[PDB]
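Have a look below at one chain only, the form deposited in one PDB entry, in structure tokens format.
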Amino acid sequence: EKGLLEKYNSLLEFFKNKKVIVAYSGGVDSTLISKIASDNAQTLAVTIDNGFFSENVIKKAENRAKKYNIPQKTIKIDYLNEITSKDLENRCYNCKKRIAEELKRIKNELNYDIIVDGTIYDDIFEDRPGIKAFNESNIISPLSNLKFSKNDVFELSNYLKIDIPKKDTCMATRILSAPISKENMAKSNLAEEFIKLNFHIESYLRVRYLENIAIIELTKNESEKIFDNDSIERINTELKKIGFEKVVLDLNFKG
């Protein structure tokens, strides 16, 4: 019903005279709200380093903030512990529940007013369990409140000259069996980079960790790129060198 300018103006009216903390991740959503908050209010983009994202990813987030003149701080957290390594069922809840607690801490030592996150309108019709953990503590989702779409976000990002980066997705999601270890996520990430580089899988690729078995996930059109037996033999041999017991391919290719 409302258009983008009305939404954009509504967004600026909200940030007026507010001390804003953005849960900044480097993604398109969070960066867009971080930039709009920086230009109209006293804003701090806080990145909580869980150990679930690669160094490249955190550096990318830090640089984007320095590029767009977003005031940004990163907090490396010792999050991986024995209670957290187990309980894989609620990892996302615990993950975001902890991040929320650190943001709330930064907010009250800084004595800022609100904390916002880049949750968009589309995200509300999903099973996002960490939005349970986040929207458990007071956490404002302004893009979601103003009915911003994925296109509304991408579109306003172009006008504001924010480059659309390629999405880096949580490494702990590759871990299908407890515990979420630093080494297990490494085992997948190396496997993913090796496959992606030697066989050029630009589209969706995943190497799941299931009890030291690597499960390769790929897209329907990328498929032929690994169908010859010399490519398969190289992947199985290299992924086992990384220490997977068996290397397998999930035959449910993404449509």
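Between two forms, the rigid core is the largest collection of C-alphas that superpose within 1.5 Å. Throughout, we count residues from 1 along the sequence that is shown.
What follows is about the form deposited in another entry, which we do not show.
Taking the core as reference between the shown form and the other one, the lone member of 58, 215, 46, 28 whose Cα moves by 2 Å or more is 215.
With the core held fixed, residue 232 shows a CA shift of 2 Å or greater between the shown form and the other one. The two forms, fitted on the rigid core, differ between the shown form and the other one by less than 2 Å at the CA of residue 11. If you fit the rigid core between the shown form and the other one, you'll see the Cα of residue 200 move by 2 angstroms or more.
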